[PDB]
Amino acid sequence: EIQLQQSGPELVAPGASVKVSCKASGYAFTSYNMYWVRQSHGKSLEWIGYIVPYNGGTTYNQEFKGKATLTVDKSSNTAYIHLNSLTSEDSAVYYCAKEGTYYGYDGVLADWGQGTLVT
Amino acid sequence: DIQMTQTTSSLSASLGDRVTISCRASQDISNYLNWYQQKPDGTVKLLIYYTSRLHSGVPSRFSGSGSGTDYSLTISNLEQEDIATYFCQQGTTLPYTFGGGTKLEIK
Amino acid sequence: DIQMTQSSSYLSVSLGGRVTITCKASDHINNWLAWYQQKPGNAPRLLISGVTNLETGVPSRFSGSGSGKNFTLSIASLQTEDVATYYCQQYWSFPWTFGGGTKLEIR
Amino acid sequence: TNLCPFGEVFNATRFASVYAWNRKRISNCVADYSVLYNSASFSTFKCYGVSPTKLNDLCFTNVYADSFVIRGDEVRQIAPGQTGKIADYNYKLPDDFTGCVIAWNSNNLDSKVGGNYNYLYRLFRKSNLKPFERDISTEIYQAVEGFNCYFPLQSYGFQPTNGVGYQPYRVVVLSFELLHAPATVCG
Amino acid sequence: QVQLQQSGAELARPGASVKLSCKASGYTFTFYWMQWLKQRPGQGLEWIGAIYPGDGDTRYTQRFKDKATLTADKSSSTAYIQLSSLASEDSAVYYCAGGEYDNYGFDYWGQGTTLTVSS
Amino acid sequence: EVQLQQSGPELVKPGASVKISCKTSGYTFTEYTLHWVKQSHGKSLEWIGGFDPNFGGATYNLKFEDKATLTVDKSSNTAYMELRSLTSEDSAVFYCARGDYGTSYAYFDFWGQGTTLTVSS
Amino acid sequence: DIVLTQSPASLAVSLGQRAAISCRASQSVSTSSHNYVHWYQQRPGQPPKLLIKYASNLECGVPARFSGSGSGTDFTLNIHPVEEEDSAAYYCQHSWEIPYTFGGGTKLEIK
Ligand SMILES: *[C@@H]1O[C@H](CO)[C@@H](O)[C@H](O)[C@H]1NC(C)=O
C-alpha cells in the first residue's frame, strides 16, 4: 500500500551532519511532492521543505534555508534530507508526509512516515 | 527587441567533421532560444526548441547547448544532407527576432 | 508567515461529553483549514481536509466548522480512543503553519 | 473593468472528452479568481510556476482554460512530467508550465445507472503527444475490426457505484503566458 | 502529418494590394497562433505578426503595422495576409508558421510565396 | 406512461418572442434530459440542443446558440424553449425529444406531438 | 460537425423480398464495443421512434423485423419482411460528439 518508512533514530554530536532517508513504495512516486515536517518534543509542528521528485525543484522555510538541503533519488523512490551545521535546539522527530491520493490541495498531508528522532 | 547577432554568416567544412554554429543575444533571454534549418528549397523546419538540446523529431546529431545570452548549436557528424542556413531565435520578448543564418558549404 | 493560535493547549472535559476546540488565524485563510490528531507515539493523521469535509474512514463524531478567521472542531460524543492532540493547520500561504496543539485529558 | 468568463468554462453543462479537449482564450478583462478561491467543491487547486496566494496580484497576456473530463484515478497525470494514458496519448502538459490545474468531482452529472458511454479517451497511439497537442483521428490503429487491428478509442463507463478511482473528475487547466509584451489580463 | 499549404508564386504592380493565403490543415487551426514572416533575399527572417484564428486578435510588429493586415477563415481553415501600399521593398519569400506551444518554437512551416514587385 | 405534448401551432412574425412549452408527465422529471429537435418542410432533423434538469444548465448546438434559450421550472414538470430574432427560414416542427440522464444521452426514446411553427406577417 | 449521407434516397421494395438501407458517415463513429449510429422511422405526421439503438441492439416493443449491423464508417439497416406500416422515412443519427445530426433519410414504397 502507501507505505512510507524512514531510518531509525539518529544520534549526532553538535556541529556535525546526518542524512535522514525516507523510502517511498506503493504508488506513482514521480507524481507526489514529498513534504517534510519537524516536531520538537510535545510542541507544535513547523515546516522544513518539500521536494518534487521528477524535477527536483524544492521550496524551503526561511528558518531552514541554510541548514537543510533536500534531494531526491528517482532510482529507489527515496527522498533524503541533509542537515548540516547541527546544534542542540535542532533535535526533534522528522516526518516525510506526502499528500492524499485524491485531494490535490497543495498543503494537506494525509500519509505520514514513522518518524526519525534525531539528537 | 532583443537583437540576435549570429556573427558568422557562412561556414566551411567537409564530411564527418564536428562543426558548431553560434548565436549571441543582447539581453538574457532566459533559455528560450530555438534553432531552425532552411534548406535551399525554402523548406524550413525546427531542430531544437528549448536551448539545452531539447530537439523535435530531428536526427540524433543536432544537439546544441549554452546558457545566459550566448548559445551554440552543434552537429557532431556532418554530411551533405545537412547543408542549409541555420537560424536562431529568442522567444522571451515581442517582437520575435530571428538570426542571420549560417549557410553551410563544402570546402 | 501566517501564524495560528489555539484556544487552550490543555483541555479537560468529561468522557462521553462534547469538546469544542477553536483555532484562531492571524490573517485570512479562505477555507483551507485542516485538522489533525496525534496520539502519543504515532504520526498525525488528517481528519478534516477543508473546513468540513471529513476524510474517508474517520468516525462521524468529529465535525469541524467555522468561517472568517476563527474556526472550531467539535466531537459529538467522546470515547477513550479520541483523547489525542488536535493540531490546527492552514494551507493558504506557503508557510502552512500548524497550530500549537491541544491535549485532551479526561477529567 | 471587464470580468472575464470562467463561467462558460467551469460550470458548463457538458465537458468535452479527453481525446478532444476544449480550449478558451480569455483576454482583455480583469481576472477575478475570488470565485475560484472561496469554494470547498474543487478537489485539486495546484498552481505551478505561481503560488495561488498571488493569482489576484499579477498581469498576464493570455489564459488558456482547457476543459475535459477524465477518470478520478488519473487526475494526477495532468501535471508537468507524468506518464500514463492521459499524459501520453490524450493531453500532455509542458514541463515549464505556469498555470493552475483545477479538477473537482462531478459524479452526479457524468454518471448513469447502466453506464455513461459518451466520454471517451484515446487508448492506443504510436508516439506520445507534444505539449498542448490534440488529435481526433479515429481510424483503426494497427499494431476491418479483428485481430491485431482494433479501434484506438475506448469509452469510459461511469456508474455511480464505482468507488472513487472510477468516477468523473471534471478537470480544468488554466494556462498563463508570461511573455514580455503588453499585459492584457490583470488582477 | 500537418502541413501548412501556401500559395504559389505571385507578382504585383507598385501601388496595388496582394492577399497571400496559408491553408493550414491536419491539426486544430482554431486553437493556436499563426505567425507570418518575411524573408528578404540574403538576410534573416523578419516577424511580420501573428493572428489567433479562434477569436481573431493579432500581434503586430512595428515596421509592418500599416501595410500588412492579418485575417483568418475558421470555416475553411485558412489564414490571410494582405500586403497593401506596395513597393519594390515588398519582394520576399513570405512564410507562415505556427505551433501548439509557442515557448517550444515553430513546429510546422509553409513552403513560401514569393511576391515580386516589378513593371 | 411517458407522454409529452407541447403547445399549439404558433404563427410568428420575423424577429419575435415565442415560448414553445413542453409539459412532461409519466416519470420522475429530475432523471431525464429533455432535448429539442427541428424538422422543416420535409427537412432532415437537426438537433437544437437540450436542457439538463438536475444541473440547471444547457448544451446547445453550435449553429443555434444565438436564437434558442431553454428554461425549466422543475416543480411545474415542464421544460421550455424560446425562439427570438428568428429568420424566415426557420419555420418548422419542433419535437420536444427525450434522452437519458444528464450528459449520458445517446438515443431519443420518446418524442412529442410537434409544434408546427410558421413565420409570416 | 459529422454529416450523414444515405442512399438510395428513395427505395422501391416488393412486399416480401429483402430490403437494405445504408447510412455512411464522414468519420468512423465506432468503438470496439459500441457502434454509435441509431436508426429511426418517421411516417407522415408521426414523430420518429427508435428502431435500433447502437446499430445492433433493437428496442423492445417494435415489430422485431428490423435487424441492422455495421462497424466503422458504413452502417446498414434491414427490413426482411415488409408490409404497409413500413412506408416511412428511415433516418440515421450518431451520438459521437456534441453536435448531433440526423441523416438525409430514405423513403420506402411497397410494390
Ligand atoms: C457557476 O455557477 C454557479 C451558479 O450559482 C456559481 O455559484 C458558481 O460560482 C459558478 N462557478 C464559477 C467558477 O464561477
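Method-wise, the PDB entry is recorded as coming from cryo-EM, at a reported resolution of 3.48 Å.

## Overview of the overall build of chain E
When you go through chain E residue by residue, the secondary structure sums to 0 helices and 11 strands. What you see in chain E, going N to C, is helices and strands ordered as β-β-β-β-β-β-β-β-β-β-β. Taking 119 residues into account, the globule formula puts the C-alpha radius of gyration at 14 Å, and chain E, at 14 Å, falls close to it. By residue count, 55% of the 119 residues in chain E fall in the buried class. A total accessible area of about 5200 Å² is found for chain E, and carbon and sulfur atoms account for 43% of it.

## Observations regarding the overall build of chain F
Within chain F one finds 0 helices and 14 strands. When its helices and strands are written in sequence order, chain F yields β-β-β-β-β-β-β-β-β-β-β-β-β-β. Computed over the C-alpha atoms, the radius of gyration of chain F is 14 Å, within 12% of the 14 Å expected from 2.2 N^0.38 for a compact globule of 121 residues. Taken across its 121 residues, chain F has 58% of its residues classed as buried. Taking as baseline every contact in chain F between residues at least 6 positions apart, the subset at least 24 positions apart corresponds to 56%.

## Focus on the state of the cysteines
Disulfide: a covalent bond connecting the sulfur atoms of a pair of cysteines. Residue and element names in this part refer to chain D. One pass over the structure, following the stated rule, counts 8 disulfides over all chains. Here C4 engages in a disulfide with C29; their sulfurs sit 1.6 Å apart. Judged by the torsion about the S-S bond (110°), the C4/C29 disulfide is right-handed. Taken together, the residues span a long stretch of sequence, with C4 in the segment before β1 (24-26) and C29 in the loop between β1 and α1 (34-37) at a distance of 25 residues. A relative accessible area of 16% places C4 in the buried class.

## A short note on the interface of chain A and chain C
Contact with chain A, which involves 23 residues of that partner, is made by 19 residues of chain C. For the pair chain A and chain C, the summed buried surface comes to about 1700 Å²; carbon and sulfur atoms form 67% of the total. By the criterion of area lost to chain C, the three top residues of chain A are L45(A), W47(A) and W112(A), representing 29% of everything that side buries. Summed over the shared surface of chain A and chain C, the number is 6 residue pairs in polar contact.

## Some remarks on the packing of aromatic side chains
Tallied over the full model, the rule gives 72 aromatic pairs over all chains. Ring centres 6.0 Å apart and planes at 90° place the aromatic pair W112(A) and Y36(C) in the edge-to-face group. Here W112(A), found in strand β10 (residues 111-112), pairs with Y36(C), found in strand β4 (residues 33-37), and the two come from separate chains. Look at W112(A) and you get buried, because its relative accessible area is 11%. For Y36(C), a relative accessible area of 0% gives the class buried.

## Examining the pairing of strand β5 (residues 49-53) of chain G
All names here are of chain G. β5 sits mainly inside the fold: 4 of its 5 residues count as buried. Note: strand β4 (residues 39-41) against β5, 3 bridges, orientation antiparallel. Bridging from a neighbouring strand, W39 pairs with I52 of β5. As paired strands, β5 and strand β6 (residues 57-58) are joined by 2 bridges and run antiparallel to one another.

## Topic: the interface of chain A and chain D
Taken together, the 13 residues of chain A in the interface contact 15 residues of chain D. Around 1200 Å² of area is buried between chain A and chain D when both sides are counted, 41% of it from carbon and sulfur atoms. When the buried area of chain A at its contact with chain D is split by residue, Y54(A), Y102(A) and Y105(A) rank highest and sum to 52% of it. Linking chain A to chain D there are 3 salt bridges.

## As for the side chain of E46(F)
All names here are of chain F. With respect to the element layout, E46 can be found in strand β6 (residues 46-47). Within the structure, the side chain of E46 is placed 2.6 Å from the side chain of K38, a separation counted as a polar contact. The residues touching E46, leaving out its near neighbours within four places in the chain, are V37, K38, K63, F64 and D90.

## A word on the layout of surface pockets
One number sums up the size of the second largest pocket: a volume of about 780 Å³. Taken together, 34 residues make up the lining of the second largest pocket; nearest its centre are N33(A), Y50(A), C47(D), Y48(D) and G49(D). It is strand β2 (residues 44-48) of chain D that provides the largest number of residues to the lining of the second largest pocket, a total of 4 residues. Per-class residue counts for the lining of the second largest pocket are 16 nonpolar, 13 polar and 5 charged.

## Quick word on the side chain of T33(F)
All names here are of chain F. Relative to the elements of secondary structure, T33 occurs in the loop between β4 (22-25) and β5 (37-39). Judged by its relative accessible area of 0%, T33 falls in the buried class. One polar contact links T33 to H35, side chain to side chain, over a distance of 2.9 Å. Not counting residues within four places of it along the chain, the set of residues in contact with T33 comprises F51, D52, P53, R98, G99, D100, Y101, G102, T103 and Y105.

## A short note on the sheet that holds β6(G)
Read across the sheet, 3 strands follow the order β4-β5-β6 (chain G) without closing on themselves; strand pairing throughout is antiparallel. The open sheet has two edge strands, β4 and β6 of chain G, and neither has a second partner.

Parameters at a glance
Residues numbered from 1 in each chain as written, not as in the entry; some residues may be left out. Chains lettered and ligands numbered in written order. Heavy atoms only, no water. Helix = DSSP H or I, 4+ residues; strand = E, 2+ residues; numbered from the N terminus. Rg over C-alpha atoms; globule rule 2.2 N^0.38 Å. Buried < 20%, exposed > 50% of the residue type's maximum accessible area, 1.4 Å probe, protein only. Areas by Shrake-Rupley, 256 points an atom, 1.4 Å probe, with all protein chains shown as cover. Contact = heavy atoms within 4.5 Å. Disulfide = S-S within 2.5 Å. Buried area = accessible area lost by both parts, 1.4 Å probe. Polar contact = N/O pair within 3.5 Å; in protein donor to acceptor, adjacent residues only side chain to side chain. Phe/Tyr/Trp six-rings, centres within 6.5 Å; stacked < 30°, edge-to-face > 60°. Pairing = 2+ DSSP bridges. Salt bridge = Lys/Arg side-chain N within 4 Å of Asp/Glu carboxyl O. 1 Å grid on protein atoms, 1.4 Å probe; cavity = no way out; pocket = protein on both sides within 12 Å on 5 of 7 lines; lining within 4 Å. Points joined across faces, edges and corners; volume = space filled by probe spheres on them. Nonpolar A, V, L, I, M, F, W, Y, C, P; charged D, E, K, R; others polar.

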